[PDB]
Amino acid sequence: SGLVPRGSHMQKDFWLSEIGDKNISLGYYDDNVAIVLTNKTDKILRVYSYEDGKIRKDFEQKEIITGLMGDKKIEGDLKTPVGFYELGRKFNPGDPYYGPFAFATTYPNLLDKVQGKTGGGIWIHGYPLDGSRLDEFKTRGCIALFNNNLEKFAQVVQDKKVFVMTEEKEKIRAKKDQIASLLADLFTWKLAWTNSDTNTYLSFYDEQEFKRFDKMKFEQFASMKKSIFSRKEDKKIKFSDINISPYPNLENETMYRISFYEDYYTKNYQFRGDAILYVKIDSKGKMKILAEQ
């Protein structure tokens, strides 16, 4: 219903209507964003601008140099990470090996961290100013663009909210039905949290794989939440600025990142800040949280 009755946000049909005819193939965003899409097999990096569901290709370079194939696990495996990240601002690393400037991705992200991954320093940068050769072993997992393309890259990403989407081989795209059901699940989860409905709340977490820190056990989490939720205090929780993105992976899972602003009120405790769920869609089409900020 276009009147948006109470509970609409928990309804897949509402989100399908809201997405409408938007191109959500690289995500469904509440902000204008840019998406740096790299495919490690094709050696193509593109930047797409997303404005209210209109996609425009603003940058493309073929024959890029990425790091090694396979998803990054540790510092020094030289792999370029697969997944969904963000891009920081142009900076000067102070080393001409990286070309004229560089841009830092956010590897390791929370999901990486709770999975016990290590490493860092996954940047997009250029080629050594001495003209020496690069190859997939020399970038240490970074992505190298031609130095004569970097000014245009810098211009396209400047002053924007910029995400990093790195595929291994398969072309990964979001689907309208998946985004809509994930958003329905997101607000169903919010309702369980609001109502301190512990069993429903916990059912949105992957009992097998969800972790808040390396090697956490799920009962440590469930037991803590059962205790906390037994207080049944009145809660008011608001989600906003929702940016939901397909999450390439090599686990044969359908994964998404759901980033949103969280605004939480109780009488004695309030917080607000940037939140993130890293989730899979399980075999039944249900959201299963793998990592939560």
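When you see a residue number, it is the position in the sequence shown, counting from 1.
Can you let me know which of the two, 19-27 or 278-286, has the higher average C-alpha B-factor in the entry?
Taking the mean B-factor of the alpha carbons in each, 19-27 is higher.
So, looking at the entry's B-factor column for Cα atoms, which has the higher mean, 242-250 or 262-270?
So the stretch with the higher mean C-alpha B-factor is 262-270.
Sorting 126, 81, 88, 121 by Cα temperature factor from the record, which one lands on top?
The listed residue with the largest C-alpha B-factor is 121.
If you check the C-alpha B-factor for each of 166, 181, 109, 220 in the entry, which is highest?
That would be 220.
Taking the C-alpha B-factors as the PDB entry records them, is residue 137 in the lowest, middle or highest third of its chain?
Middle third of the chain for residue 137's C-alpha B-factor.
Name the third of the chain's ranked CA B-factors that contains residue 104, choosing lowest, middle or highest.
Ranked within chain, residue 104 CA B lands in the middle tercile.
Split the chain's modelled residues into thirds by Cα B-factor; is residue 92 in the lowest, middle or highest one?
For residue 92, the deposited C-alpha B-factor lands in the highest third.
Hey, what third does residue 43 fall into on Cα B-factor, ranked over its chain?
Answer is middle: the recorded C-alpha B-factor places it there.
Using only modelled residues of the chain, where does the Cα B factor of residue 209 rank: lowest third, middle third or highest third?
According to the entry, residue 209 has a C-alpha B-factor in the chain's highest third.
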